[PDB]
Amino acid sequence: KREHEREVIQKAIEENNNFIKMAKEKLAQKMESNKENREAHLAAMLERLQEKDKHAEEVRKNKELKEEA
Amino acid sequence: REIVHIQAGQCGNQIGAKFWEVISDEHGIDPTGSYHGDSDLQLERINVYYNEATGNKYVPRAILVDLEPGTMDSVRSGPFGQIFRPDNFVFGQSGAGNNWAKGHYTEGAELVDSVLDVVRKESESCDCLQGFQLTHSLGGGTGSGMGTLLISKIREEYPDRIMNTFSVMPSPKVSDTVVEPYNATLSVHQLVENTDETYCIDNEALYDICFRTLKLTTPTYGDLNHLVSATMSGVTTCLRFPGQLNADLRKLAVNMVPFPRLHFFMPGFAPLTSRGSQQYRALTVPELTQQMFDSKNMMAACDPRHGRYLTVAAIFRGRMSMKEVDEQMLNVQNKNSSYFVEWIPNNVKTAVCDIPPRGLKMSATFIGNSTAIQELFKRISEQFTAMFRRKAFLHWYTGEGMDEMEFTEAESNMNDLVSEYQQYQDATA
Ligand SMILES: CC[C@]1(O)C[C@@H]2CN(CCc3c([nH]c4ccccc34)[C@@](C(=O)OC)(c3cc4c(cc3OC)N(C)[C@H]3[C@@](O)(C(=O)OC)[C@H](OC(C)=O)[C@]5(CC)C=CCN6CC[C@]43[C@@H]65)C2)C1
Ligand SMILES: CC[C@@H](/C=C(/C)[C@@H]1C[C@@H](OC)C[C@H](O)C(C)(C)[C@@]2(O)O[C@@H](C[C@H](OC)[C@@H](O)C(=O)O1)C[C@@H](OC)[C@@H]2O)CO
Ligand SMILES: C/C(=C\c1csc(C)n1)[C@H]1C[C@H]2O[C@H]2CCC[C@@H](C)[C@H](O)[C@@H](C)C(=O)C(C)(C)[C@@H](O)CC(=O)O1
Ligand SMILES: Nc1nc2c(ncn2[C@@H]2O[C@H](COP(=O)(O)OP(=O)(O)O)[C@@H](O)[C@H]2O)c(=O)[nH]1
Ligand SMILES: [Mg+2]
């Protein structure tokens, strides 16, 4: 009976520790994915805007080439 | 000789306090532990339940346990609350939440050793300790879960002393809490294996007596508990007062328990009469005797007419001729001999004590060991399986570390216990 009483108390302690552990890890991994995902959405949008700045400058060089004739 | 008394949880401390209140009055002890009695008959056996302190002060050999302070203050601030030894209060703060697992395995685990220390200190102060008595309910968390944990630990340190409990079974007529059949079933399992004698005090029976017989339209625990203290005083008369019986707890077990597992007693008390025009009539021994055996007077909600008595002990108190008592008791047996098994000759015994309970000229106390007590365990078993069939409310207990198997083997043990009673109900010579 005494081995079993310790068994039970230690199992209660273990289930509470595992509950804390999984919440801790699930939260951590969700913050991580969101950081990556949001930063990538912004990088994509900004990468696109610069690709337009590239085209504008090419539109300026294009104007001078025709400007010498 | 000496008995160590333990009360655990709300119910146990409630009825435990009324018990000391009542027997203290009988032995002439006032709330400050001074003796103010006339007869010396009240001090002949006072050491059975009281320790003698310096200055002619008698202090109950009582240990008060609870997992929450509430009832501790309540007892300590009540009538006869100052009489108790202040070291013998052992309480926590968490409470058990009416959860057997908290009382037995998690929260009670921390407090239990403190109780064993007080238990040990009282036992060593005894000339020749005969055993222990515990008051508790089975429906809650502390008295049920931690009370049985205490029994188990105490049995391991005193394996040959007598272990005796006054155990209150739960009833839906009195209580609201859905998990009580769970707590009671786990408790009954511990009681069949680790106690020698258990008085089954059924809240279902106490309620019917107060509501039907006594006509109490708004019964309180004070009403129920005043029935319990009267019965507890009655069943302990032959320990606390001398006369014609050279009997202790072991002798009572030997002659009351013919098979180890069948040690659950059905108690009863007479007189019981509703207010108030009949409260002034004089009681005759024939009337006391008929009332004592009446099924509606039993303090476990089970019909003794449905089964057979293995053994019966009856105790009468007050001024009365033993001849009348003898004749009346023999009348009941000779005229209803089919309700007593014939393979145990002369299996109903009587004791008479001169001192009557307070307020009564006469009284009788009934201790029956009857196969019909199975009805009590069947009732609790039905409530248990209705819930357990679907694992309902199980998470309160598995969250404390318990397994389902522990529930399965508790219900299993109780079902076998039922079977055993049934087999001597049909056993013949
Ligand atoms: C002895 C201790 C006790 O006082 C006994 C009863 C219950 N409680 C506290 C007090 C109490 C009672 N009723 C209350 C209503 C609201 C708040 C408190 C109460 C009490 C009463 O009326 O006299 C004081 C009582 C309670 C019940 C009670 C009887 C009763 O006093 C007669 N019933 C036996 C049950 C009950 O469930 C039942 O089976 O029907 C009779 C009953 O149902 C009905 C329809 O009455 C009822 C009444 C509220 C309903 C739901 C919950 N159950 C639990 C027990 C039961 C009750 C008395 C503890
Ligand atoms: C004793 C064995 C076992 C059952 C039996 C047989 C017992 C016998 C005797 O018990 C006191 C009854 C007794 O002989 C009487 C008939 C005079 C009497 O007292 O009966 C009770 C009614 C009681 O209801 C419960 C009855 O059914 C009962 O319990 O009978 C009131 C009234 O009824 C008319 C009558 O005054 C109980 O341990
Ligand atoms: C029935 C009684 C006495 C009696 C029967 S015949 C007679 C002359 N006296 C006693 C019984 C005592 O064992 C004690 C339990 C009783 C509980 C009562 C306190 C109950 O709560 C209350 C409603 C009562 O019945 C009375 C206060 C009227 C009580 O005096 C009568 C009674 O039952 O006590
Ligand atoms: N007879 C009686 N039963 C009680 C009393 N107090 C509580 N109970 C019953 O005991 C059960 C609850 O146990 P309780 O003692 O309150 O819980 P614990 O403190 O955890 O041991 C229920 O069945 C209640 O009806 C009381 O004073 N008298
Ligand atoms: Mg409570």
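How each quantity is defined
Residues numbered from 1 in each chain as written, not as in the entry; some residues may be left out. Chains lettered and ligands numbered in written order. Part of a larger assembly, values for the part shown. Heavy atoms only, no water. Residues with missing side-chain atoms left out of burial classes, pairs and counts. Helix = DSSP H or I, 4+ residues; strand = E, 2+ residues; numbered from the N terminus. Polar contact = N/O pair within 3.5 Å; in protein donor to acceptor, adjacent residues only side chain to side chain. Contact = heavy atoms within 4.5 Å. UniProt positions renumbered as here; feature names shortened; annotations may be inferred. Expected span 1.5 Å × (residues − 1). Buried < 20%, exposed > 50% of the residue type's maximum accessible area, 1.4 Å probe, protein only. Arc of directions from axis to C-beta. Buried area = accessible area lost by both parts, 1.4 Å probe. Salt bridge = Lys/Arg side-chain N within 4 Å of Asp/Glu carboxyl O. Near = heavy atom within 4 Å. Areas by Shrake-Rupley, 256 points an atom, 1.4 Å probe, with all protein chains shown as cover. Nonpolar A, V, L, I, M, F, W, Y, C, P; charged D, E, K, R; others polar. Patch = residues over 30% accessible without salt bridge, like charges linked within 9 Å, V, L, I, M, F, W, Y side chains within 5 Å.

Regarding how it was determined, this PDB entry cites X-ray crystallography in its header, along with a resolution of 2.50 Å.

Undergrad: It is not clear to me how the side chain of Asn13(B) should be interpreted in this structure. Could you clarify?
TA: All names here are of chain B. With respect to the helices and strands, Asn13 occurs in helix α1 (residues 9-26). At 3.1 Å, the side chain of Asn13 and the side chain of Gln7 are in polar contact. The contacts of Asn13, once residues within four sequence positions are left out, are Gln7, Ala8, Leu64, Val65, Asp66, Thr71, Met72 and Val75.

Undergrad: Quick question: what am I supposed to make of the UniProt feature "binding site: Mg(2+)" in chain B here?
TA: Residue and element names in this part refer to chain B. With numbering aligned to this structure, UniProt lists the feature "binding site: Mg(2+)" at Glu68. Tracing the backbone shows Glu68 in the loop between β4 (62-66) and α2 (70-76). Setting aside residues up to four positions removed in sequence, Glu68 forms contacts with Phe91, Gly92 and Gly95.

Undergrad: I keep staring at helix α11 (residues 322-335) of chain B and nothing clicks. Help me out?
TA: The α-helix winds at 3.6 residues per turn, so residues separated by three or four positions along the chain end up facing the same way. Residue and element names in this part refer to chain B. Taking 1.5 Å of rise per residue, 14 residues should cover 20 Å, and α11 covers 20 Å from first to last C-alpha, within 8% of that figure. Buried within α11 are the following residues: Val325, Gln328, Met329, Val332 and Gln333. One face of α11 carries all of its buried residues, which in axial projection span an arc of 135°. Seen from the buried face of α11, the exposed residues on the opposite side, beyond 90 degrees, are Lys323, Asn334 and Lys335.

Undergrad: Even after reading the chapter, I still don't get the interface of chain B and chain A, so can you show me in this structure?
TA: Taken together, the contact pairs 15 residues of chain B with 9 residues of chain A. The contact between chain B and chain A buries some 940 Å² in all, and 48% of this surface belongs to carbon and sulfur atoms. At the junction of chain B with chain A, the criterion picks out 2 salt bridges. Between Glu156(B) and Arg2(A) there is a salt bridge, with the nearest N and O atoms lying 3.4 Å from each other. If you look at where chain B meets chain A, you find 4 residue pairs in polar contact. Elements supplying a minimum of two residues to the side of chain B that touches chain A: α3 (100-124) and α4 (142-157) of chain B.

Undergrad: What is the right way to look at the site of ligand 3 in this model?
TA: Residues and elements named next belong to chain B. In the vicinity of ligand 3 lie 16 residues, with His226, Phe269, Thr273, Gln279 and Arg281 positioned nearest. Protein burial of ligand 3: of its 670 Å² of free accessible surface, 77% is covered by the chains. The biggest single contributor to the shell around ligand 3 is helix α7 (residues 221-235), with 4 residues. Its residues assigned to classes, the shell around ligand 3 shows 9 nonpolar, 4 polar and 3 charged.

Undergrad: Help me understand the environment of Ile29(B) in this model?
TA: All names here are of chain B. The residue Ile29 is located in the loop between α1 and β2 (50-53) in this model. Residues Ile29 and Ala8, spaced 21 residues apart in sequence, show a C-alpha to C-alpha distance of 24 Å. Those residues within four positions of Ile29 in sequence are excluded, and the remaining contacts are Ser24, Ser34, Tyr35, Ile46, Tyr50, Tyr58, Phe80 and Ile83.

Undergrad: Please clarify how a nonpolar patch on the surface should be interpreted in this entry.
TA: Residues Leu42(A), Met45(A), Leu46(A) and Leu49(A) make up a contiguous nonpolar surface patch of about 330 Å² in total accessible area. Turning to its location among the elements, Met45(A) is positioned in helix α1 (residues 2-67).

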